[PDB]
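This document opens with one chain alone, in structure tokens, the form deposited in one PDB entry.
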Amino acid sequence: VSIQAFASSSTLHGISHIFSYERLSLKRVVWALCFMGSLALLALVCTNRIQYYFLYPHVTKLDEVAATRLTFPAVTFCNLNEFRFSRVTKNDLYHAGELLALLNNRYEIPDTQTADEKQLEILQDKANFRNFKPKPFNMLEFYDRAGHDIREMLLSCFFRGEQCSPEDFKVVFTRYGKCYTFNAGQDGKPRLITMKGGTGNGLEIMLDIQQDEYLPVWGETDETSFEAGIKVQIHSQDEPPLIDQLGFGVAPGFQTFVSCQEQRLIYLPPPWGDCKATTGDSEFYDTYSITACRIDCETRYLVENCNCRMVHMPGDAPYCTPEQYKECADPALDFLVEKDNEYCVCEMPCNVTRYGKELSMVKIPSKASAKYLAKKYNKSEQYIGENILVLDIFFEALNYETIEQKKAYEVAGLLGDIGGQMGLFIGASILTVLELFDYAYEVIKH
């Protein structure tokens, strides 16, 4: 009933000395200030732990090991030329001549041409449209036919001692045209694995970029460039290539060693981080990713503005006219990748695989082996230094790395902190504060 009788039986550690059955003394002012000193200091450290919880903190866990049974990625490579010079016919020069800067606006050879005594004559008799009635023309058939063929570029391929074939590369269409992907993982083919590190457990491709098949550059367009070589992108199996933006280049006349390292990044869902479902809802792909978020940007943009998609874009929209490349599709796509700040926002998925790589080159051929490669492939010694290219893609020793975001402070650790801090200063529980509310309920009713 009385406060002296309640504080004797209660489970607060300090109140029994404050409300004892004695007179007022030096003790009752030094027990009360130690109790109110411990009650106020409890509120500072419990506010510190509750406000730390609702920030939802998280730390990282970076394992970097030498894993086995590691899946070899997909390697997409594109020749920097888009079309072979000997495959461009008279019908192809009629429709896509102004796009390739080979004709004027009046279907004739420009006066500012840069060609020798031979390639000018080959272009002058197939740009003769005296009795030319035009035939129909599609761009997808023209990238497929006039592009570079893998049965002529691929001189040798070895993956882990086993010889490749030109039927091991899958034809993919990018902005560079007819491109090829090793270890695409599609068409029912199983995926290839690597066990250890080094050049022996990797890919080795010897190519031929065929500079004699390059069509002459007479202007600055989006289909003719000033360079020679290939561009390579090493990406995951479930990710489409974005090789015009995210690819590295390989020069002819060199053997390029590409030492990779697979880095898997795992994030947290809200309220700790950001996660869209990685096997979520992309419009034309099964696995959501950053590059799959950017391709259906570009597909939705070009269909909205000029009613057509390019040949490297999915969907059922019609392909663009060769005039609609020059007028609509090239400046609208150049607006997205360069000057656009607002149209594309992409939510981060929480399975992102990154391949960090280190490139190095030696010179091919030496003076000793120059005459052997000229006879082996029926070529000249001037051809070999200009065109032959070897690419080595492999993993290092520490080939696997995981960067995982993990929760730093959970609800079971929150109750362990605020249960020890309640017990340290006053020694109470949640059944103590219900015993305080029981005496508060008794003092109102009487």
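From 1 onward, residues are counted along the sequence shown.
Not on display, but discussed next: the form deposited with a small molecule bound.
Visitor: Check 261, 357 and 364: does every one of them have a heavy atom within 4.5 Å of the small molecule in the deposited bound form?
Guide: No.
Visitor: Pick from 202 to 210, 314 to 322, 109 to 117, 152 to 160: which stretch has a heavy atom within 4.5 Å of the small molecule in the deposited bound form?
Guide: Of the options given, it is 314 to 322.
Visitor: How about residue 216: is it within 4.5 Å of the small molecule in the deposited bound form, going by heavy atoms?
Guide: Looking in the deposited bound form, residue contacts with the small molecule include residue 216, since a heavy atom lies within 4.5 Å.
Visitor: Quick check on residue 99: any heavy atom within 4.5 Å of the small molecule in the deposited bound form?
Guide: Looking in the deposited bound form, residue contacts with the small molecule include residue 99, since a heavy atom lies within 4.5 Å.
Visitor: Would residue 181 count as a contact of the small molecule in the deposited bound form, using a 4.5 angstroms cut-off between non-hydrogen atoms?
Guide: No, no contact at 4.5 Å.
Visitor: Using a 4.5 Å heavy atom cut-off, state whether residue 223 contacts the small molecule in the deposited bound form.
Guide: The answer is yes: residue 223 has a heavy atom within 4.5 Å of the small molecule.
Visitor: Name the single residue among 295, 146, 93, 139 that comes within 4.5 Å of the small molecule in the deposited bound form, judging by heavy atoms.
Guide: It is 139.
Visitor: Sort through 123, 310, 332, 373 and report the residue having a heavy atom within 4.5 Å of the small molecule in the deposited bound form.
Guide: Here the answer is residue option 310.
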